[PDB]
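Undergrad: FYI, the numbering for the sequence shown is 2 to 128, going by PDB author numbering.
C-beta: ideal position from N, C-alpha, C; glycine also.
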Amino acid sequence: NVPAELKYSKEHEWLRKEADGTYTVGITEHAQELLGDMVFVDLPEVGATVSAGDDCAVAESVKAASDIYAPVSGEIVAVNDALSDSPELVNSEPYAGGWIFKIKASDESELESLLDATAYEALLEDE
Ligand SMILES: [Ca+2]
Ligand SMILES: [Cl-]
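(1) Residues around ligand 2, please: the condition is that the C-beta lies closer than 6 Å to some non-hydrogen atom of it.
(2) Nearest by alpha-carbon distance to residue 43: which of 84, 115 and 99 is it?
(3) Ignoring anything shorter than 3 residues, give me the beta strand (DSSP E) runs that lie fully in the segment 34-97, in order along the chain.
(4) Consider the C-beta atom of residue 43 and the heavy atoms of ligand 1; say whether any pair is separated by less than 7 Å.
(5) Pull the bridge partners of residue 112 from the DSSP assignment, please.
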């Protein structure tokens, strides 16, 4: 399950441009499958300024945990508070209700450092 329109990181995040011009970030179907049943998501602080590649959230399952990185630089403008209660949304709806945070990008040329869907599919086959 690799939505054809998203951009992806090598750390298994996806990035979606929204109608308000901000970007939504979550983890992929593959990511949630690797982690298994979700227990806790540590969300970033709204208002925080991050550089592309900064660690800004953590996903923890019954068995494992991974850092989650800003795919682009910018300002965190929203976080999915639903995950505090229902982190399992990351398992059931990784591209939808399980989104993690939203960023107002400071340099959109950074999109060029992300993978397109076909590259992410290739990455999965090499893992
Ligand atoms: Ca936090
Ligand atoms: Cl989904």
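TA: In brief:
(1) 94, 95, 96 and 97
(2) 84
(3) 39-43, 56-62, 66-70 and 75-80
(4) yes
(5) Partner(s): none; residue 112 has no beta bridge.
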